[PDB]
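*Asks:* Have a look at this one before I ask anything.
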Amino acid sequence: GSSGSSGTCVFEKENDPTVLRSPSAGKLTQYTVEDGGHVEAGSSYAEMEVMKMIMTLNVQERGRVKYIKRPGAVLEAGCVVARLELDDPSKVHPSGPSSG
């Protein structure tokens, strides 16, 4: 049992902390959150189909998931799917460090 496959191994330094690229090829289907939907770091915001398998897509860092690419596109390794919008990029609360 072995069909066969091959590809190139190229590296590219370009991945913003507010971007949700595809870790592996597949096929975009739909999302599990509404426009600019807010979720937790780890929650699923969308899914995909790869190797005849449906895999869930989680956010690398809590924020707001938004659909950019139309639903039903070709998911490829190291590609763009949706961007994340940090809802808490900075917010110094009125309280410093205290004995522990």
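Ordering of the structure tokens sets the chain letters (A, B, ...), residue numbers begin anew at 1 in every chain, and ligands are numbered from 1 in the order given.
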Which neighbours of stretch 23-27 of chain A fall inside 7 Å, counting only C-alpha atoms, when residues of the same chain fewer than 2 positions from it are skipped, and could you give them as JSON, numbers by chain?

*Replies:* {"A": [21, 29, 48, 49, 50, 72, 73, 74, 75, 76, 77, 78]}

*Asks:* I need the chosen residues saved as a PDB file, in the first residue's frame, with C-alpha atoms.

*Replies:*
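The result, stored in selection_12.pdb:
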```
ATOM      1  CA  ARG A  21      -2.381  30.371   7.696  1.00  0.00           C
ATOM      2  CA  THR A  29     -15.613  24.105   3.866  1.00  0.00           C
ATOM      3  CA  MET A  48     -11.059  21.780   6.460  1.00  0.00           C
ATOM      4  CA  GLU A  49     -10.816  18.571   4.467  1.00  0.00           C
ATOM      5  CA  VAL A  50      -7.456  16.951   3.822  1.00  0.00           C
ATOM      6  CA  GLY A  72     -15.052  26.279  -1.051  1.00  0.00           C
ATOM      7  CA  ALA A  73     -11.500  27.256  -1.918  1.00  0.00           C
ATOM      8  CA  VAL A  74      -8.467  25.022  -2.276  1.00  0.00           C
ATOM      9  CA  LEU A  75      -6.630  24.719   1.019  1.00  0.00           C
ATOM     10  CA  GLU A  76      -2.888  24.403   0.549  1.00  0.00           C
ATOM     11  CA  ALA A  77       0.100  24.164   2.861  1.00  0.00           C
ATOM     12  CA  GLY A  78       1.318  27.562   4.002  1.00  0.00           C
TER      13      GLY A  78
END
```

*Asks:* May I have the residues within 9 Å of stretch 52-69 of chain A as a PDB file with N, CA and C atoms, in the first residue's frame, using only C-alpha atoms and disregarding those fewer than 6 positions away in the same chain?

*Replies:*
```pdb
ATOM      1  N   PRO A  17       1.404  37.668  13.477  1.00  0.00           N
ATOM      2  CA  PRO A  17       0.778  37.079  14.647  1.00  0.00           C
ATOM      3  C   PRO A  17      -0.744  37.236  14.593  1.00  0.00           C
ATOM      4  N   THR A  18      -1.193  37.989  13.601  1.00  0.00           N
ATOM      5  CA  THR A  18      -2.617  38.226  13.426  1.00  0.00           C
ATOM      6  C   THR A  18      -3.104  37.602  12.116  1.00  0.00           C
ATOM      7  N   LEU A  20      -4.012  33.627  10.231  1.00  0.00           N
ATOM      8  CA  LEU A  20      -4.260  32.208  10.421  1.00  0.00           C
ATOM      9  C   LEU A  20      -4.012  31.470   9.104  1.00  0.00           C
ATOM     10  N   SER A  22      -2.711  28.205   6.692  1.00  0.00           N
ATOM     11  CA  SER A  22      -3.008  26.783   6.668  1.00  0.00           C
ATOM     12  C   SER A  22      -1.746  25.979   6.985  1.00  0.00           C
ATOM     13  N   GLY A  26      -5.685  21.002   2.154  1.00  0.00           N
ATOM     14  CA  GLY A  26      -7.018  20.494   2.435  1.00  0.00           C
ATOM     15  C   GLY A  26      -8.051  21.116   1.494  1.00  0.00           C
ATOM     16  N   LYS A  27      -9.163  21.534   2.082  1.00  0.00           N
ATOM     17  CA  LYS A  27     -10.232  22.146   1.311  1.00  0.00           C
ATOM     18  C   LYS A  27     -11.198  22.857   2.262  1.00  0.00           C
ATOM     19  N   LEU A  28     -11.159  24.180   2.212  1.00  0.00           N
ATOM     20  CA  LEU A  28     -12.022  24.986   3.060  1.00  0.00           C
ATOM     21  C   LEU A  28     -13.478  24.579   2.832  1.00  0.00           C
ATOM     22  N   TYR A  31     -17.170  27.813   8.382  1.00  0.00           N
ATOM     23  CA  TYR A  31     -16.683  28.274   9.671  1.00  0.00           C
ATOM     24  C   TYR A  31     -17.631  27.858  10.797  1.00  0.00           C
ATOM     25  N   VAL A  33     -17.861  30.022  13.476  1.00  0.00           N
ATOM     26  CA  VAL A  33     -18.092  31.285  14.156  1.00  0.00           C
ATOM     27  C   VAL A  33     -18.587  32.321  13.145  1.00  0.00           C
ATOM     28  N   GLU A  34     -19.329  33.292  13.656  1.00  0.00           N
ATOM     29  CA  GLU A  34     -19.867  34.346  12.812  1.00  0.00           C
ATOM     30  C   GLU A  34     -18.779  35.371  12.485  1.00  0.00           C
ATOM     31  N   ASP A  35     -19.162  36.359  11.689  1.00  0.00           N
ATOM     32  CA  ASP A  35     -18.234  37.406  11.295  1.00  0.00           C
ATOM     33  C   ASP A  35     -17.502  37.926  12.534  1.00  0.00           C
ATOM     34  N   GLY A  36     -16.207  38.148  12.366  1.00  0.00           N
ATOM     35  CA  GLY A  36     -15.386  38.644  13.458  1.00  0.00           C
ATOM     36  C   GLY A  36     -15.744  37.949  14.774  1.00  0.00           C
ATOM     37  N   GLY A  37     -16.045  36.663  14.663  1.00  0.00           N
ATOM     38  CA  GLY A  37     -16.406  35.877  15.830  1.00  0.00           C
ATOM     39  C   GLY A  37     -15.232  35.778  16.808  1.00  0.00           C
ATOM     40  N   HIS A  38     -15.550  35.953  18.083  1.00  0.00           N
ATOM     41  CA  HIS A  38     -14.538  35.888  19.122  1.00  0.00           C
ATOM     42  C   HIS A  38     -14.533  34.491  19.745  1.00  0.00           C
ATOM     43  N   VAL A  39     -13.330  33.971  19.943  1.00  0.00           N
ATOM     44  CA  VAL A  39     -13.173  32.651  20.528  1.00  0.00           C
ATOM     45  C   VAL A  39     -11.963  32.654  21.466  1.00  0.00           C
ATOM     46  N   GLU A  40     -11.676  31.481  22.012  1.00  0.00           N
ATOM     47  CA  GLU A  40     -10.553  31.335  22.923  1.00  0.00           C
ATOM     48  C   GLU A  40      -9.376  30.665  22.211  1.00  0.00           C
ATOM     49  N   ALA A  41      -8.187  30.912  22.741  1.00  0.00           N
ATOM     50  CA  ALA A  41      -6.980  30.341  22.170  1.00  0.00           C
ATOM     51  C   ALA A  41      -7.038  28.816  22.284  1.00  0.00           C
ATOM     52  N   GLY A  42      -7.440  28.188  21.188  1.00  0.00           N
ATOM     53  CA  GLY A  42      -7.542  26.739  21.153  1.00  0.00           C
ATOM     54  C   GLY A  42      -8.879  26.300  20.551  1.00  0.00           C
ATOM     55  N   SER A  43      -9.869  27.168  20.692  1.00  0.00           N
ATOM     56  CA  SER A  43     -11.195  26.884  20.170  1.00  0.00           C
ATOM     57  C   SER A  43     -11.147  26.783  18.644  1.00  0.00           C
ATOM     58  N   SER A  44     -12.167  26.144  18.091  1.00  0.00           N
ATOM     59  CA  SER A  44     -12.251  25.974  16.651  1.00  0.00           C
ATOM     60  C   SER A  44     -13.062  27.116  16.037  1.00  0.00           C
ATOM     61  N   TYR A  45     -12.515  27.680  14.968  1.00  0.00           N
ATOM     62  CA  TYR A  45     -13.174  28.777  14.282  1.00  0.00           C
ATOM     63  C   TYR A  45     -13.579  28.372  12.863  1.00  0.00           C
ATOM     64  N   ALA A  46     -12.973  27.290  12.396  1.00  0.00           N
ATOM     65  CA  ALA A  46     -13.261  26.788  11.063  1.00  0.00           C
ATOM     66  C   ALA A  46     -12.761  25.347  10.945  1.00  0.00           C
ATOM     67  N   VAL A  80      -3.181  31.301   3.045  1.00  0.00           N
ATOM     68  CA  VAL A  80      -3.991  32.201   3.849  1.00  0.00           C
ATOM     69  C   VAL A  80      -5.437  31.703   3.864  1.00  0.00           C
ATOM     70  N   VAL A  81      -6.065  31.844   5.022  1.00  0.00           N
ATOM     71  CA  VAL A  81      -7.444  31.416   5.182  1.00  0.00           C
ATOM     72  C   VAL A  81      -8.256  32.546   5.820  1.00  0.00           C
ATOM     73  N   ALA A  82      -7.814  32.955   6.999  1.00  0.00           N
ATOM     74  CA  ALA A  82      -8.487  34.023   7.721  1.00  0.00           C
ATOM     75  C   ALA A  82      -7.480  34.732   8.629  1.00  0.00           C
ATOM     76  N   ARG A  83      -7.828  35.952   9.007  1.00  0.00           N
ATOM     77  CA  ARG A  83      -6.969  36.743   9.872  1.00  0.00           C
ATOM     78  C   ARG A  83      -7.576  36.849  11.272  1.00  0.00           C
ATOM     79  N   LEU A  84      -6.702  37.051  12.247  1.00  0.00           N
ATOM     80  CA  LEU A  84      -7.139  37.171  13.628  1.00  0.00           C
ATOM     81  C   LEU A  84      -6.976  38.622  14.085  1.00  0.00           C
ATOM     82  N   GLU A  85      -7.922  39.061  14.903  1.00  0.00           N
ATOM     83  CA  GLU A  85      -7.895  40.419  15.417  1.00  0.00           C
ATOM     84  C   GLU A  85      -7.840  40.409  16.946  1.00  0.00           C
ATOM     85  N   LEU A  86      -6.653  40.679  17.466  1.00  0.00           N
ATOM     86  CA  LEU A  86      -6.454  40.703  18.905  1.00  0.00           C
ATOM     87  C   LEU A  86      -7.430  41.699  19.534  1.00  0.00           C
ATOM     88  N   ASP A  87      -8.211  41.197  20.479  1.00  0.00           N
ATOM     89  CA  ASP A  87      -9.187  42.029  21.164  1.00  0.00           C
ATOM     90  C   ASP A  87      -8.563  42.595  22.440  1.00  0.00           C
ATOM     91  N   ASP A  88      -7.377  42.093  22.753  1.00  0.00           N
ATOM     92  CA  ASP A  88      -6.665  42.538  23.941  1.00  0.00           C
ATOM     93  C   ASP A  88      -5.168  42.624  23.629  1.00  0.00           C
TER      94      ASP A  88
END
```

*Asks:* Using Å and a single decimal, report how far atom CA of residue A:30 sits from atom CA of residue A:47.

*Replies:*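 Atom CA of residue A:30 lies at a distance of 6.4 Å from atom CA of residue A:47.
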
*Asks:* Could you work out how far atom CA of residue A:79 lies from atom CA of residue A:14, giving the answer in Å with one decimal?

*Replies:*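 Computed distance, atom CA of residue A:14 to atom CA of residue A:79, equals 10.9 Å.
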